[PDB]
Amino acid sequence: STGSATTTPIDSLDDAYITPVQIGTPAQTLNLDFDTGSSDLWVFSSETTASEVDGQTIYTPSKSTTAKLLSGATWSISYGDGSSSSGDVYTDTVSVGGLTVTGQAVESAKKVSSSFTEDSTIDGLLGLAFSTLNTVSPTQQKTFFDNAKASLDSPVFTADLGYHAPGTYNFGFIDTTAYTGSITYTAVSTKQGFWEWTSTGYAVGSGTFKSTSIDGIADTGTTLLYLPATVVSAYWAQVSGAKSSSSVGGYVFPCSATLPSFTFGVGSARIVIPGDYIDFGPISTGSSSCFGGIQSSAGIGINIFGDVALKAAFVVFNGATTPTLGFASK
């Protein structure tokens, strides 16, 4: 089998992407944030505290003929941004882009933190990291990908995120029309439960490429590119008036600037992030200070190749016995 779904930015900044997901019988379509940095499929629901729902579409298990309470199971998750959610669990039929899994754990939120409530566009998350990170207790549950894998034509999914445009998540096949050149594959460590890999280095603008190992994760659920402070300082030093602002929470730059590109290595291959991908616009409405899309990973404890980096590539998440990542230009 295969599946193919369009993923759409939630706003004009590409802060996140939503992908429609069918849950239950008859189908309930929710728009979920596909997150290769976590492993829980959780949804706003009929169980979510009413004051914590503000415009989201909810899953109502009582209206699904295929829903079954997973008796005794609970979940609770905290993300890198300090957001959180928790609840109980149902199993149900879940379809993405025509690919159906039966008996998928659908984690029903009873509570969500304020950032989820305030984002009316995101009806929940669909985790695509390794199932070792799934938070369901006392019986850990599998991701949608892990449950689909054995049925797929090839044990892969691909992320093709757009810059200020829709993109595609495919499951079970590699669309050879979706990228240019060849795909460069690189090793993955699953030790932390992430799609963790090592970039071979970077360049700033038209500058020379610096060969250096940068371990980090491929995380579709993180908006920005978080790299070591040395790399990030080297980038922003090429932008007149850029500075790290403790008050704002990262590097800011004059909105009048033209940003340089940023290149990262994948083996001997190179992925170029255009300068405009690194512009996240005014820090507050009407400000002439703009927020940078490349930020320090200092304090976070891991480097994160988030959407800023991944949307410059066609990315293969290869879930074979020995997982690998692939990157191609596009």
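Definitions and limits used
- Residues numbered from 1 in each chain as written, not as in the entry; some residues may be left out.
- Heavy atoms only, no water.
- Residues with missing side-chain atoms left out of burial classes, pairs and counts.
- UniProt positions renumbered as here; feature names shortened; annotations may be inferred.
- Buried < 20%, exposed > 50% of the residue type's maximum accessible area, 1.4 Å probe, protein only.
- Helix = DSSP H or I, 4+ residues; strand = E, 2+ residues; numbered from the N terminus.
- Pairing = 2+ DSSP bridges.
- Polar contact = N/O pair within 3.5 Å; in protein donor to acceptor, adjacent residues only side chain to side chain.
- Contact = heavy atoms within 4.5 Å.
- Domains from an automatic or database assignment.
- Nonpolar A, V, L, I, M, F, W, Y, C, P; charged D, E, K, R; others polar.
- Axes fitted to C-alpha atoms, helices over the stretch in contact; angles between N-to-C directions.
- 1 Å grid on protein atoms, 1.4 Å probe; cavity = no way out; pocket = protein on both sides within 12 Å on 5 of 7 lines; lining within 4 Å.
- Points joined across faces, edges and corners; volume = space filled by probe spheres on them.

The deposited coordinates for this entry were obtained by X-ray crystallography, with a reported resolution of 0.9700 Å.

The name given to the protein chain in the PDB entry is Endothiapepsin, with the source organism recorded as Cryphonectria parasitica. Recorded in the entry header as its title is "PanDDA analysis group deposition -- Endothiapepsin ground state model 58". Regarding the protein chain, the relevant UniProt record gives this comment under Sequence similarities: "Belongs to the peptidase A1 family."

This brings us to the pairing of strand 3 (residues 28–35). Side chains on a regular strand alternate between the two faces of the sheet. Counting buried positions along strand 3 yields six of eight residues, so the element is predominantly enclosed. Strand direction decides the pairing type here: strand 2 (residues 17–23) and strand 3, joined by five bridges, are antiparallel. Bridging from a neighbouring strand, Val-21 pairs with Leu-30 of strand 3. The hairpin turn running from strand 2 into strand 3, its antiparallel successor, is four residues long, and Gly-24 in that turn takes a positive phi close to 90 degrees. Looking at chain direction, strand 3 and strand 8 (residues 124–127) are connected through three bridges and run parallel. Opposite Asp-35, over in strand 8, you have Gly-127 as the bridge partner.

Right, let's talk about the side chain of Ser-199 for a bit. Mapped onto the elements of the fold, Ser-199 is located in strand 12 (residues 196–204). Taking relative accessible area as the criterion, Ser-199 reaches 1% and is therefore assigned buried. Within the structure, the side chain of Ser-199 is placed 3.3 Å from the backbone oxygen of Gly-201, a separation counted as a polar contact. Not counting chain neighbours up to four residues away, the residues in contact with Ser-199 comprise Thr-212, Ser-213, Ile-214, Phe-264, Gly-265 and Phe-305.

So, on to the domain arrangement of the protein chain. Segmentation of the protein chain into domains returns domain 1 (5–174) and domain 2 (175–330). Just the C-alpha atoms count here: the centres of domain 1 and domain 2 sit 25 Å apart. Facing 30 residues of domain 1, the contacting portion of domain 2 comprises 32 residues. Secondary-structure elements contributing two or more residues to the side of domain 1 that touches domain 2 are strand 3, strand 9 (156–160) and strand 10 (167–171). Counting residues per element, the side of domain 1 that touches domain 2 draws most heavily on strand 9, at five residues. Of the residues contributing to the side of domain 1 that touches domain 2, the split by class is 18 nonpolar, six polar and six charged.

Taken in spatial order, the four strands make up an open sheet running 15-16-20-19, and their pairing is antiparallel. Two strands in the sheet have a free side with no partner beyond their single neighbour: strand 15 (243–245) and strand 19 (279–282). Within this sheet the neighbouring strands show an average axis-to-axis angle of 40 degrees, counted without direction. Across three bridges, the pairing between strand 15 and strand 16 (residues 250–254) is antiparallel.

In this section: the layout of surface pockets. When its volume is computed, the largest pocket comes out at roughly 1100 Å³. Contributing to the lining of the largest pocket are 36 residues, with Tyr-79, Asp-81, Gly-221, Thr-222 and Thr-223 lying nearest its centre. Elements that contribute at least two residues to the lining of the largest pocket include exactly strand 3, strand 5 (68–78) and helix 1 (114–118). Residue composition of the lining of the largest pocket, grouped by class: 18 nonpolar, 10 polar and eight charged.

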